[PDB]
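First the structure, in the form of structure tokens, and then the observations on it.
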Amino acid sequence: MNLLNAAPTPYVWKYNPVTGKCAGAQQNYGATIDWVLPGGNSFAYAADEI
Amino acid sequence: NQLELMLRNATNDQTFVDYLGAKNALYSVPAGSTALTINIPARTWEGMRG
Amino acid sequence: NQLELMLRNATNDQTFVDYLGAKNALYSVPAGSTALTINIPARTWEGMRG
């Protein structure tokens, strides 16, 4: 597959409860699948579909 | 061979989880000190067990 | 009863602040010593007064 057409990881937001203003957004690294070193071609498609 | 054919099929493939189910972190505490603070950055905590 | 009922209303309930408004930390300084280092763990300082 092509990683340029692969779906990116979503941006999750930070709330900052005390001030109440948005604290920004981040690349959602906290929930990511490890698929290129162990997975290969069989799991690259699966991770993209997820 | 039938077991292989019914096990190579993608919908039914082996799935294993580590029994400890815990990211393991060691935080240094000097000898005389009585307090420790564990500050870690923003994360999606998506399915924390405890 | 009217007064107590307009005070039981949650939109208007008592709010009290400590006048000092200061966390109090005592850092030991021995006799001969002339310097002191106050290191603190990572924190947000979300409304610190000084």
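Just remember, in the structure tokens the first chain shown is A, the second B, etc., residues are 1-based per chain, and ligands are 1-based in the order shown.
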Can I get the residues of chain B within 9 Å of chain A, each with the closest pair of atoms and their distance in Å to one decimal, using only C-alpha atoms, sorted chain first then ascending number, as JSON lines?
```
{"residue": "B:42", "atom": "CA", "partner": "A:14", "partner_atom": "CA", "distance": 7.6}
{"residue": "B:43", "atom": "CA", "partner": "A:30", "partner_atom": "CA", "distance": 5.1}
{"residue": "B:44", "atom": "CA", "partner": "A:30", "partner_atom": "CA", "distance": 5.0}
{"residue": "B:45", "atom": "CA", "partner": "A:30", "partner_atom": "CA", "distance": 6.8}
{"residue": "B:46", "atom": "CA", "partner": "A:31", "partner_atom": "CA", "distance": 6.7}
```
Can you build me a table of chain B residues sitting at most 9 Å from chain C, with the closest atom pair per residue and its distance in Å to one decimal, using only C-alpha atoms, sorted by chain and residue number, as JSON lines?
```
{"residue": "B:36", "atom": "CA", "partner": "C:41", "partner_atom": "CA", "distance": 8.6}
{"residue": "B:37", "atom": "CA", "partner": "C:41", "partner_atom": "CA", "distance": 6.4}
{"residue": "B:38", "atom": "CA", "partner": "C:41", "partner_atom": "CA", "distance": 8.5}
{"residue": "B:39", "atom": "CA", "partner": "C:42", "partner_atom": "CA", "distance": 6.5}
```
What would the file look like if the residues just selected were written as a compact mmCIF listing (two decimals), in the first residue's frame with N, CA, C and O atoms?
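Below is the file that was written, result.txt:
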```txt
# COMPACT_ATOMS: atom_id res chain seq x y z
N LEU B 36 7.58 11.30 46.51
CA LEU B 36 7.86 11.10 45.09
C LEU B 36 6.67 11.61 44.30
O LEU B 36 5.52 11.41 44.69
N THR B 37 6.95 12.27 43.18
CA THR B 37 5.92 12.77 42.28
C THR B 37 6.14 12.19 40.89
O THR B 37 7.24 12.28 40.34
N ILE B 38 5.10 11.59 40.34
CA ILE B 38 5.15 10.95 39.03
C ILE B 38 4.27 11.76 38.10
O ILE B 38 3.04 11.61 38.08
N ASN B 39 4.89 12.64 37.32
CA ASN B 39 4.18 13.47 36.36
C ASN B 39 4.48 12.94 34.96
O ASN B 39 5.64 12.78 34.59
```
Can you tell me, as an mmCIF file with N, CA, C and O atoms, in the first residue's frame, which residues in chain B count as helix (DSSP H, G or I) by DSSP?
```cif
data_model
loop_
_atom_site.group_PDB
_atom_site.id
_atom_site.type_symbol
_atom_site.label_atom_id
_atom_site.label_comp_id
_atom_site.auth_asym_id
_atom_site.auth_seq_id
_atom_site.Cartn_x
_atom_site.Cartn_y
_atom_site.Cartn_z
ATOM 1 N N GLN B 2 -6.441 -29.229 7.494
ATOM 2 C CA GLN B 2 -7.693 -28.507 7.700
ATOM 3 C C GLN B 2 -7.562 -27.505 8.837
ATOM 4 O O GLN B 2 -8.112 -26.401 8.767
ATOM 5 N N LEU B 3 -6.844 -27.879 9.898
ATOM 6 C CA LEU B 3 -6.587 -26.950 10.992
ATOM 7 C C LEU B 3 -5.797 -25.743 10.510
ATOM 8 O O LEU B 3 -6.065 -24.610 10.923
ATOM 9 N N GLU B 4 -4.810 -25.968 9.644
ATOM 10 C CA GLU B 4 -4.057 -24.864 9.060
ATOM 11 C C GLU B 4 -4.958 -23.964 8.227
ATOM 12 O O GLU B 4 -4.906 -22.735 8.341
ATOM 13 N N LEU B 5 -5.799 -24.564 7.383
ATOM 14 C CA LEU B 5 -6.673 -23.774 6.521
ATOM 15 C C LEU B 5 -7.682 -22.967 7.327
ATOM 16 O O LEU B 5 -7.996 -21.829 6.964
ATOM 17 N N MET B 6 -8.198 -23.532 8.413
ATOM 18 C CA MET B 6 -9.144 -22.838 9.273
ATOM 19 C C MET B 6 -8.455 -21.957 10.302
ATOM 20 O O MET B 6 -9.138 -21.240 11.040
ATOM 21 N N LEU B 7 -7.123 -21.995 10.370
ATOM 22 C CA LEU B 7 -6.354 -21.122 11.243
ATOM 23 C C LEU B 7 -5.576 -20.052 10.493
ATOM 24 O O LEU B 7 -5.248 -19.024 11.089
ATOM 25 N N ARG B 8 -5.264 -20.272 9.215
ATOM 26 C CA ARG B 8 -4.689 -19.225 8.383
ATOM 27 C C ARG B 8 -5.717 -18.195 7.957
ATOM 28 O O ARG B 8 -5.338 -17.103 7.520
#
```
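Atom pair CA of residue 21 (chain B) / CA of residue 49 (chain B): separated by 8.3 Å.
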- Write out as a PyMOL selection string each polymer residue whose atoms come within 12 Å of residue 22 (chain C), counting only C-alpha atoms; drop sequence neighbours fewer than 6 positions from it. chain C and resi 47-50
- Task: Run DSSP on the backbone and grab whatever in chain A lands in strand (DSSP E or B); send it over as number ranges by chain.
- Result: A: 11-14, 24-27
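Between CA of residue 31 (chain C) and CA of residue 32 (chain B) the separation is 20.3 Å.
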